[PDB]
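Source file: data-v9.pdb; contents: PDB, C-alpha atoms.
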```pdb
ATOM      1  CA  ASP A   1      99.156-172.442 -21.909  1.00  0.00           C
ATOM      2  CA  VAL A   2      96.094-171.842 -24.082  1.00  0.00           C
ATOM      3  CA  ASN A   3      96.414-168.074 -23.642  1.00  0.00           C
ATOM      4  CA  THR A   4     100.145-168.287 -24.376  1.00  0.00           C
ATOM      5  CA  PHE A   5      99.415-170.363 -27.484  1.00  0.00           C
ATOM      6  CA  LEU A   6      96.855-167.778 -28.613  1.00  0.00           C
ATOM      7  CA  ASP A   7      99.419-165.018 -28.058  1.00  0.00           C
ATOM      8  CA  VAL A   8     101.977-167.080 -29.989  1.00  0.00           C
ATOM      9  CA  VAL A   9      99.395-167.624 -32.738  1.00  0.00           C
ATOM     10  CA  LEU A  10      98.695-163.882 -32.786  1.00  0.00           C
ATOM     11  CA  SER A  11     102.441-163.206 -32.907  1.00  0.00           C
ATOM     12  CA  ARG A  12     102.800-165.748 -35.722  1.00  0.00           C
ATOM     13  CA  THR A  13      99.945-164.066 -37.598  1.00  0.00           C
ATOM     14  CA  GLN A  14     101.636-160.684 -37.143  1.00  0.00           C
ATOM     15  CA  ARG A  15     104.929-162.098 -38.445  1.00  0.00           C
ATOM     16  CA  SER A  16      87.507-153.702 -51.178  1.00  0.00           C
ATOM     17  CA  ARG A  17      90.891-155.369 -51.641  1.00  0.00           C
ATOM     18  CA  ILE A  18      92.003-154.243 -48.177  1.00  0.00           C
ATOM     19  CA  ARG A  19      88.671-155.428 -46.763  1.00  0.00           C
ATOM     20  CA  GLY A  20      89.234-158.885 -48.233  1.00  0.00           C
ATOM     21  CA  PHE A  21      92.822-158.904 -46.974  1.00  0.00           C
ATOM     22  CA  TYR A  22      91.648-158.120 -43.435  1.00  0.00           C
ATOM     23  CA  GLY A  23      89.257-161.068 -43.553  1.00  0.00           C
ATOM     24  CA  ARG A  24      91.990-163.260 -45.026  1.00  0.00           C
ATOM     25  CA  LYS A  25      94.383-162.158 -42.275  1.00  0.00           C
ATOM     26  CA  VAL A  26      91.771-163.045 -39.648  1.00  0.00           C
ATOM     27  CA  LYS A  27      91.175-166.374 -41.398  1.00  0.00           C
ATOM     28  CA  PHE A  28      94.931-166.984 -41.559  1.00  0.00           C
ATOM     29  CA  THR A  29      95.215-166.195 -37.845  1.00  0.00           C
ATOM     30  CA  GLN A  30      92.265-168.493 -37.116  1.00  0.00           C
ATOM     31  CA  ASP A  31      93.748-171.250 -39.291  1.00  0.00           C
ATOM     32  CA  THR A  32      97.064-171.078 -37.426  1.00  0.00           C
ATOM     33  CA  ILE A  33      95.249-171.151 -34.077  1.00  0.00           C
ATOM     34  CA  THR A  34      93.027-174.032 -35.212  1.00  0.00           C
ATOM     35  CA  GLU A  35      96.032-175.994 -36.491  1.00  0.00           C
ATOM     36  CA  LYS A  36      97.852-175.561 -33.168  1.00  0.00           C
ATOM     37  CA  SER A  37      85.478-150.009 -45.256  1.00  0.00           C
ATOM     38  CA  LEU A  38      88.716-150.570 -43.348  1.00  0.00           C
ATOM     39  CA  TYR A  39      86.979-150.042 -39.998  1.00  0.00           C
ATOM     40  CA  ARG A  40      84.196-152.465 -40.948  1.00  0.00           C
ATOM     41  CA  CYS A  41      86.747-155.052 -42.092  1.00  0.00           C
ATOM     42  CA  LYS A  42      88.758-154.545 -38.896  1.00  0.00           C
ATOM     43  CA  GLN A  43      85.592-154.987 -36.824  1.00  0.00           C
ATOM     44  CA  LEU A  44      84.832-158.229 -38.672  1.00  0.00           C
ATOM     45  CA  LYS A  45      88.426-159.359 -38.118  1.00  0.00           C
ATOM     46  CA  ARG A  46      88.165-158.368 -34.450  1.00  0.00           C
ATOM     47  CA  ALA A  47      84.913-160.330 -34.170  1.00  0.00           C
ATOM     48  CA  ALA A  48      86.666-163.407 -35.566  1.00  0.00           C
ATOM     49  CA  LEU A  49      89.471-162.895 -33.043  1.00  0.00           C
ATOM     50  CA  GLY A  50      86.902-162.513 -30.268  1.00  0.00           C
ATOM     51  CA  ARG A  51      85.164-165.719 -31.330  1.00  0.00           C
ATOM     52  CA  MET A  52      88.534-167.490 -31.414  1.00  0.00           C
ATOM     53  CA  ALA A  53      89.358-166.107 -27.962  1.00  0.00           C
ATOM     54  CA  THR A  54      86.091-167.500 -26.587  1.00  0.00           C
ATOM     55  CA  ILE A  55      86.857-170.879 -28.171  1.00  0.00           C
ATOM     56  CA  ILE A  56      90.403-170.710 -26.777  1.00  0.00           C
ATOM     57  CA  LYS A  57      89.079-170.204 -23.242  1.00  0.00           C
ATOM     58  CA  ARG A  58      86.680-173.143 -23.619  1.00  0.00           C
ATOM     59  CA  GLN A  59     101.559-184.781 -16.910  1.00  0.00           C
ATOM     60  CA  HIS A  60     100.411-188.358 -16.333  1.00  0.00           C
ATOM     61  CA  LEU A  61     102.259-189.548 -19.442  1.00  0.00           C
ATOM     62  CA  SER A  62     105.425-187.751 -18.318  1.00  0.00           C
ATOM     63  CA  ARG A  63     105.220-189.413 -14.884  1.00  0.00           C
ATOM     64  CA  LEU A  64     105.133-192.915 -16.370  1.00  0.00           C
TER      65      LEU A  64
END
```
Written as structure tokens, that's how I'd like the structure from this file.
Amino acid sequence: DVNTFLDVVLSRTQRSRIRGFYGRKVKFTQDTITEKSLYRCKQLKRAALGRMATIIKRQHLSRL
């Protein structure tokens, strides 16, 4: 499912400089999903995840 794929993408992603890394990690998570201050950086990364989650929410060949 789409939610399962997003969870798999999140699992795949899990498997100054820190602020840039957090944005890169969010971008890397978004790239994998698309292909298929620390608190401020985490909030920006969470916002990217939230935007991806909204996009994520938005048989015949086998039986032939």
For the provided coordinates, the residues matched by the PyMOL selection byres ((chain A and resi 48) around 12) should be stated as number ranges by chain.
A: 22-31, 33, 41-47, 49-55
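When CA of residue 15 in chain A is paired with CA of residue 34 in chain A, their separation reads 17.2 Å.
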To verify the selection step, state as a PyMOL selection string which residues the PyMOL selection byres ((chain A and resi 37) around 9) yields on this input.
chain A and resi 16+18-19+38-42
Write out as a ChimeraX atom specification the residues lying within 7 Å of residue 9 in chain A, counting all atoms listed in the file and excluding same-chain residues fewer than 3 positions away.
/A:5-6,12-13,29,32-33
For the selection you just gave me, I'd like the residues written to a file as a PDB file, in the frame of the given file, keeping C-alpha atoms.
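Result went into out-v4.pdb, see below:
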```pdb
ATOM      1  CA  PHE A   5      99.415-170.363 -27.484  1.00  0.00           C
ATOM      2  CA  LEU A   6      96.855-167.778 -28.613  1.00  0.00           C
ATOM      3  CA  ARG A  12     102.800-165.748 -35.722  1.00  0.00           C
ATOM      4  CA  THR A  13      99.945-164.066 -37.598  1.00  0.00           C
ATOM      5  CA  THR A  29      95.215-166.195 -37.845  1.00  0.00           C
ATOM      6  CA  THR A  32      97.064-171.078 -37.426  1.00  0.00           C
ATOM      7  CA  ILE A  33      95.249-171.151 -34.077  1.00  0.00           C
TER       8      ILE A  33
END
```
In Å to one decimal, how far is CA of residue 14 in chain A from CA of residue 56 in chain A?
18.3 Å
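CA of residue 1 in chain A lies 16.9 Å from CA of residue 60 in chain A.
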